[PDB]
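Here the structure comes first, spelled out in structure tokens, and everything after it is commentary.
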Amino acid sequence: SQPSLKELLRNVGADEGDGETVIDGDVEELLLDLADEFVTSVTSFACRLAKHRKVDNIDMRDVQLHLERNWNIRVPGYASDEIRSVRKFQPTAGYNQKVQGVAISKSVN
Amino acid sequence: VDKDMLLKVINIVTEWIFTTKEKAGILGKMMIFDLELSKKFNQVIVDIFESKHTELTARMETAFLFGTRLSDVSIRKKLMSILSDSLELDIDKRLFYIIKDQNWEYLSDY
Amino acid sequence: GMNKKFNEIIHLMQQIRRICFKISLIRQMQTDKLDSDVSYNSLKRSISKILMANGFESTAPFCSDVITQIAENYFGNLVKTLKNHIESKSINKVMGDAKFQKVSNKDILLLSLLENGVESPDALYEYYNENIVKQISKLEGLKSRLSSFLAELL
Amino acid sequence: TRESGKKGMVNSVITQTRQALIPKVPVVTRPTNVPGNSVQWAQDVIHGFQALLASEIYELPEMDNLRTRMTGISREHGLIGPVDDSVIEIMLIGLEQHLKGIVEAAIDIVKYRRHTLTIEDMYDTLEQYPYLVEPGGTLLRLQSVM
Amino acid sequence: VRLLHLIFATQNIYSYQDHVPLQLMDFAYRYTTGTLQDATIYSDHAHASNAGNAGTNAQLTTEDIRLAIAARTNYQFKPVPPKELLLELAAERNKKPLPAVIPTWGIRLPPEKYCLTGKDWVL
Amino acid sequence: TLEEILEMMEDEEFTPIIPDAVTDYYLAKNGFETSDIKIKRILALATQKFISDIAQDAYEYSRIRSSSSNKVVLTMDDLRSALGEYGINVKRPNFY
Amino acid sequence: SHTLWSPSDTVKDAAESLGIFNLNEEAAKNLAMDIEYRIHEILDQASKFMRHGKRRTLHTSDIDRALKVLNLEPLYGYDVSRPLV
Amino acid sequence: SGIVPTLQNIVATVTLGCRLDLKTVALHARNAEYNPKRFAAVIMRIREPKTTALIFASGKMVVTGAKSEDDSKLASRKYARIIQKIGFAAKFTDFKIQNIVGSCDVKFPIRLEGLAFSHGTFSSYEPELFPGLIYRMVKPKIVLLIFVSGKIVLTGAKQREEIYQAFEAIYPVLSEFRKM
Amino acid sequence: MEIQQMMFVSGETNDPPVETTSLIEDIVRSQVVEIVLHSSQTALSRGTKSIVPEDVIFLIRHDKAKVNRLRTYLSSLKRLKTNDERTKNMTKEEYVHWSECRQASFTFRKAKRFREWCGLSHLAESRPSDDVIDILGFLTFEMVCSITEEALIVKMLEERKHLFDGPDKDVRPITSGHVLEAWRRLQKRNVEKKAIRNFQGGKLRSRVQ
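Protein chains in written order, with the deposited numbering: chain K, 475 to 478, 503 to 607; chain L, 2346 to 2363, 2370 to 2386, 2391 to 2407, 2411 to 2468; chain E, 817 to 847, 879 to 1001; chain A, 181 to 293, 327 to 359; chain I, 12 to 59, 65 to 139; chain J, 58 to 126, 190 to 216; chain H, 13 to 97; chain M, 61 to 240; chain D, 15 to 89, 185 to 268, 290 to 339.
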């Protein structure tokens, strides 16, 4: 085996240099609760999105996508999943036919 | 390859010490050549410690500890005499030195 | 109304130089208590007087309504910021018993500007000089085009 | 007719709540073979709901707590297999990024250019910028601590 | 659309202004575009994208749509009445006593420095 | 600096395009009264600048559309792009 | 089909305007289901704002606010004047 | 003791005031690159003074390659023959110099870092934008490229004397930052 | 990312392990693929498959333009002057190493592998030119220089007889957390003038640099 608190205090001592020392009982509790809610929601949506993969297995790389998608948190790290699609705006003939039809209805007839 | 090409490479490496990381990888792979020419090779690693400290000891301290192991009496007497003067003459500070400092590289049989 | 007057001078120069641009193309190719609706439409007037870029109300009307509503939202967001800071009910704000306002009445204003859009004050000085320089820049660009076309037609 | 030609899609409230409150259990069938090579358990869900989660303690959770809580949620949603020790770290990363954003916002509120911050400033900035936090749970709790 | 008037008829609201149907139809178009867009992303996700690893072929079953909608309602769309949360939260508020005092026939204001003193704002 | 900026708003040399009456109405709507004139002109000015910024976004995004090196119209594609590049949300109109 | 808002053309118009081809029918049925429910949802909220203005002829401000309260994006560009065709 | 700039290339433009049937003169000249779909002008040439010449139908021509104002002028006269003997009003006239580039070697490495960040008013080093370190003189209008080896390139002079002038003024500066 | 490690040295600092360099490699690759996605989409919306420079300079559309223009033509300021003036020095080829990083960018020649390592399956019917390859070299170099600046800034903001085996020539400045904080900082969201829709709900947007 291995030979066996300074995370928030480091999260805040590195933000500013003019004091700005927060208070517990009022402010700190808020932040801890927010963090808890964040983790619960994220892992829930991740596990659902893993079950979506039609394989009843572990959850990896779904968190990175869920973060990049719903929140605006990108992580430049481990997974590399992007859209790969321009998401073109014209299937086969018939839609642009409707486009030009309503276009001529607009201009003349 | 033949020993003459290795001796010419060792002579070319001897002129280099008189990048630094590039000299480390050449001296590091020459420690793998210990498995004669190593007696010429570990001759160089003695005088490197005799010239200079402020030099990068990355190639030095892992080859110094394979220098006492190689079973040739004239350089193991030479190398271990350098290390045994750098410490204090007390037996306290030589006892803390072997466990608290000077990490032992070799997991191996030695 | 010097800001109104200079935007109007931009408007006049735009009218005349774009007219000249178009005829030059033609010759080349020849070869108080107030209410809601008045406020809305006044803002639309002012908006379409901003638009030196395209042409003054030279776009579809949906876009004019869009722009009106957007700028309304922005102005409201300004004031919702300043009044929020002013109520504050927090020790950082709030007149101290010994009349010690940790942040006086002006930092409020500077700060509410900062929260919404504008970063610093002098960016406004900057945008102002930028405007009046845009006037002479586009002026001289299309004036050089005018002189070169007066040379070309000969 | 009445649509949702299924075993059902209830639209009530209380059963949504209850069914969204009790822990579930991913118990499996075995008609011919249901692979996975690791039997499903709900000891994990009880262990997950029993953790000393955040907001009792004063610090953001270190890996182990978060891992114990996740296994619970994954089994409780209907997955199987153990979380693989890289998920926790990326999650911590996103978390601390989130909170640095929030507190940067509050600092941008209080001082323009020796101060000390309160609850009201954070309520102010969560009135201005509510797109940061997802509604539910905490904002209601925030308007019951003032 | 006449069917939108038909749907208005369900709630006894026959007093529209004729901009509402345009607006709500525009809305539903926007909404479903976003929905079946991110559902297509998830259909790609099951198809194991990156800078060239495989193709992109569309099926778009109902599960993907369910995923793409649950994410939206994660931060939108006023949910079921969260009664229990409110009950416990309000019991936490409904815990500490009233002041039990007598201002003696007037109004009792907050102390100045919490009152506003709505003077002409000035620098 | 800053103090010049409220040295200047008072006199007629700098009077925002947004008339005083309209801004007074919009101050009042969102709930603010004060017998100063500077501040109202100032919020006028900032709004003028913000709309100018979307103006230039529209101008350039129109200038890209064809022939880089029947007059100009700021249509729904130009607007869709600039409003999008902001935080203003998606404009997906339709027909039928 | 299931309900109003025939997904054979409406949802088809939507998806084929996006640039897909493969939307199974039952999926578009369920999609019609969802968007119709969202309609009833927003409609009741704007009714709640209607009968505080103590009027009947629901205007656009009602639904605009009813969006603003659902944490949902607004919708600009719909003026009462200049009527419809 | 002398270190002086050499002329590496003079780009001159002179006009044979008369219309020129480029197809024709390309034909006769035969070894003149004349080609469709691109650049409408005939590219002539000569073994010595080894210069290239872009002849334009607008009666104007741009001769390049000469290492001296006199050679250019000479090559400028040669060309108004090959397109004169072919019955033409090849009137050599208004000869002008468009640019003169030089080069020099001081033979001592230079401490460019020190030059640049004490002469940042004129000197320039962005690694992604370009290799090496530059210098822009205001009087005379010359752009000098200075390299560590001590080799410098003087560009943009419209007249010979400005190259010597530019180097005569920057030499003491380079001696100050001579790396030893 | 040997070029990135050289580019990281060119900015200011030395000695990244393989971790930070592979991470930065992922960063730059992601930024660049996003740029080309947007530019290709915009061109095809204009109705052309060929990737061009006019879109891409306007894709940056910011003070990001003056420097990029200079790089093409060849093919605040007091601080960047003062730091360089402090650098002025020589020996063990002091100024010599500075030049290496400048002319070892991907655009120098190795355009092929730089094109291939990034995404290239996009736009299979066309293929861009080498001018944009040089452009991307400029953008990647500037991105690496900026990231390094912010990492150093946060690092600084955080604030017996020798046993002769410690060489006293080894330092450990830069790692994952520093770069992560810096890349959070640079994603300053928008100037915040692009997120002024202050009171609402919901959000999503991509970003560069």
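Ideal Cβ positions, reconstructed from N, Cα and C, are used throughout, including at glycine.
Minimum Cβ-Cβ distance from residue i to chain A less than 7 Å
{"i": "K:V520", "result": "yes"}
{"i": "K:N509", "result": "yes"}
{"i": "I:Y91", "result": "yes"}
{"i": "E:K936", "result": "yes"}
Straight-line Cα distance separating residue j from residue i
{"i": "A:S357", "j": "J:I99", "result": "37 Å"}
{"i": "D:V42", "j": "K:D557", "result": "27 Å"}
{"i": "residue 318 of chain A", "j": "A:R182", "result": "Missing here is residue 318 of chain A; chain A as given proceeds from 293 to 327 without the residues in between."}
{"i": "E:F822", "j": "E:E919", "result": "24 Å"}
{"i": "L:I2377", "j": "L:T2371", "result": "10 Å"}
{"i": "H:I32", "j": "I:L35", "result": "24 Å"}
{"i": "D:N320", "j": "A:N213", "result": "53 Å"}
{"i": "residue 857 of chain E", "j": "M:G125", "result": "One cannot assign coordinates to residue 857 of chain E, given that chain E in this structure leaps from 847 to 879."}
{"i": "I:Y25", "j": "H:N83", "result": "27 Å"}
{"i": "K:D522", "j": "D:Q330", "result": "29 Å"}
{"i": "L:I2403", "j": "D:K197", "result": "33 Å"}
{"i": "I:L132", "j": "E:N931", "result": "12 Å"}
{"i": "K:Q588", "j": "E:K891", "result": "36 Å"}
{"i": "M:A92", "j": "M:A101", "result": "10 Å"}
With 16 other Cβ atoms within 10 Å as the buried cut-off, status of residue i
{"i": "D:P237", "result": "buried"}
{"i": "D:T200", "result": "exposed"}
{"i": "E:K940", "result": "buried"}
{"i": "D:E322", "result": "buried"}
{"i": "M:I70", "result": "buried"}
{"i": "M:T153", "result": "exposed"}
{"i": "E:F947", "result": "exposed"}
{"i": "H:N36", "result": "exposed"}
{"i": "H:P19", "result": "buried"}
{"i": "K:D560", "result": "buried"}
{"i": "D:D77", "result": "exposed"}
{"i": "D:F215", "result": "buried"}
{"i": "K:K549", "result": "buried"}
Distance cut-off 6 Å: residue i Cβ against heavy atoms of the ligand ZN
{"i": "J:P213", "result": "Here there are no bound small molecules, and the ligand ZN is not part of this structure."}
Residue i at chain K interface by Cβ criterion, 7 Å
{"i": "D:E259", "result": "no"}
{"i": "I:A106", "result": "no"}
{"i": "H:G65", "result": "no"}
Chain D contact for residue i (CB, 7 Å cutoff)
{"i": "K:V597", "result": "no"}
{"i": "H:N83", "result": "yes"}
{"i": "A:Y344", "result": "yes"}
{"i": "E:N924", "result": "yes"}
{"i": "E:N963", "result": "yes"}
C-beta neighbour in chain I for residue i, strict 7 Å
{"i": "H:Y88", "result": "no"}
{"i": "residue 867 of chain E", "result": "Between 847 and 879 the numbering of chain E has a gap, and residue 867 of chain E falls inside it, with no coordinates."}
{"i": "E:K949", "result": "no"}
Test: residue i CB closer than 7 Å to a CB of chain H
{"i": "D:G228", "result": "no"}
{"i": "D:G331", "result": "yes"}
Runs of alpha helix (DSSP H) lying entirely within the region 529–602 of chain K, each at least 4 residues, in chain order: Counting only runs of 4 or more, we get 560–567.
Alpha helix (DSSP H) segments (min. 4 residues) lying fully within the region 63–91 of chain J: Runs of the alpha helix (DSSP H) inside the region 63–91 of chain J: 77–86.
Stretch pair the region 239–249 of chain D + the region 66–73 of chain D: three plus CB contacts closer than 8 Å: These segments touch.
Segment contact flag, the region 193–202 of chain J with the region 90–108 of chain J, C-beta cutoff 8 Å, min 3 pairs: Contact fails between the region 193–202 of chain J and the region 90–108 of chain J, because fewer than three Cβ pairs, one in each stretch, are under 8 Å apart.
Inter-stretch contact at 8 Å, needing at least 3 Cβ pairs: the region 196–205 of chain A / the region 897–907 of chain E: Three or more beta-carbon pairs separated by less than 8 Å are not found between the region 196–205 of chain A and the region 897–907 of chain E, which leaves the two stretches without contact.
Segment contact, 8 Å Cβ cut-off, at least three pairs: the region 159–174 of chain M with the region 203–218 of chain D: At 8 Å Cβ cutoff, the stretches touch.
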